[PDB]
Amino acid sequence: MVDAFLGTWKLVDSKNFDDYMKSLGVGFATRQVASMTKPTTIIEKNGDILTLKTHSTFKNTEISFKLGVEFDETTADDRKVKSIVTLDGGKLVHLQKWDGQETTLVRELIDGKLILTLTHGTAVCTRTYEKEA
C-alpha cells in the first residue's frame, strides 16, 4: 500500500537540515545553497518498480527500486551507499549504509502532508512536503 505516497510534492518546511548535512560531512558552501533550495519530489510506480525523483535548482537525483531489494545509490552529496526501501507501519523507510555508517530517511503521511525525517548520528531533521495537484 504505497499508493498514498505517489505524486508530486513540494517542500514547505525544514528543521535542522544544516545539522544533518554537517553530520554527513557536507561542506559549508554546499550547505549554504541547500539551505535555500525548495526541492520537488516526484514518486511514481510502474508495477513493482518505484521511481523517486528529487528536482531542484541545485542538484537533481533519481533512483528506481523494488521494495525490499538492496540497490546501489549515489547520493546528492556524492556518497556511494547500499540502500534498501521498505514499508514499515505504513511509513516508507529508506536505509543507506556505507563505510560502517547508516542513515535513515523515513517518509510518513500526516494530515495529507508528507513528513520526511532524516537521522544520522545524533542529528534529526524534519522536512515537510505538500502535494502539488
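Residue numbers run from 1 along the displayed sequence.
Here 21 to 29 and 117 to 125 are compared by their mean Cα B-factor, and 21 to 29 comes out higher. Once the C-alpha B-factors are averaged per stretch, 104 to 112 and 47 to 55 rank with 104 to 112 first. Looking only at 92, 84, 81, 34, the residue with the top Cα B factor in the deposited structure is 34.
Ranked by Cα temperature factor within the chain, residue 60 sits in the highest third according to the deposited record.
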